[PDB]
Amino acid sequence: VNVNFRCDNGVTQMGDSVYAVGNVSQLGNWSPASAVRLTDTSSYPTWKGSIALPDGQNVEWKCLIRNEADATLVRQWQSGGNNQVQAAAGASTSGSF
């Protein structure tokens with residue numbers, strides 16, 4: 001199913017983007033290099049994306065500012081508790097820096 005992800009206050013420098021990283025394979029199993037880049041900056045500094053996830057799966061994730069070119073180079077992890085979503089049609093989940 002397609003789940004909407006949103007990260008607020010993603011103030012990045014050119015060359016760094018906001019990614020969703022989290023505790024399932026589709027979100028990289030917490031690995032920055034396999035995080036999913038958020039594609040929509042039409043309401044900057046909010047970053048948004050649509051991410052396919054298995055229906056009904058409970059997922060924990062964080063917003064991540066990461067370098068685009070060096071996939072291991074993290075600039076900032078969202079602080080605090082993980083964002084939580086149960087994947088379902090029309091589901092939406094958000095975090096904030």
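Rules used throughout
- Residues numbered from 1 in each chain as written, not as in the entry; some residues may be left out.
- Heavy atoms only, no water.
- Core = buried A, V, L, I, M, F, W, Y, C linked by side-chain atoms within 4.5 Å.
- Buried < 20%, exposed > 50% of the residue type's maximum accessible area, 1.4 Å probe, protein only.
- Helix = DSSP H or I, 4+ residues; strand = E, 2+ residues; numbered from the N terminus.
- Pairing = 2+ DSSP bridges.
- Axes fitted to C-alpha atoms, helices over the stretch in contact; angles between N-to-C directions.

- In the PDB header, X-ray crystallography is given as the technique by which the entry was determined, and 1.495 Å as its resolution.

1. A short note on the nonpolar core
Working step 1: Counting 18 residues, the largest nonpolar core has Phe 5, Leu 27, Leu 38, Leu 53 and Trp 61 as its most contacted members.
Working step 2: Top element by residues in this core is strand β6 (residues 58–67). It accounts for four residues.

2. Some words on the sheet that holds strand β4 (residues 40–43)
Hydrogen bonding along the main chain pairs the strands of a sheet, whether they run parallel or antiparallel.
Working step 1: Pairing in this open sheet of four strands is mixed, and the strands run β4-β5-β1-β9 from one edge to the other. Among the strands making up the open sheet, the edge pair consists of β4 and β9 (92–96). The mean angle between the axes of side-by-side strands here comes to 25 degrees, regardless of whether they run parallel or antiparallel.
Working step 2: Where β4 meets strand β5 (residues 46–52), two bridges bridge the pair, whose relative direction is antiparallel.

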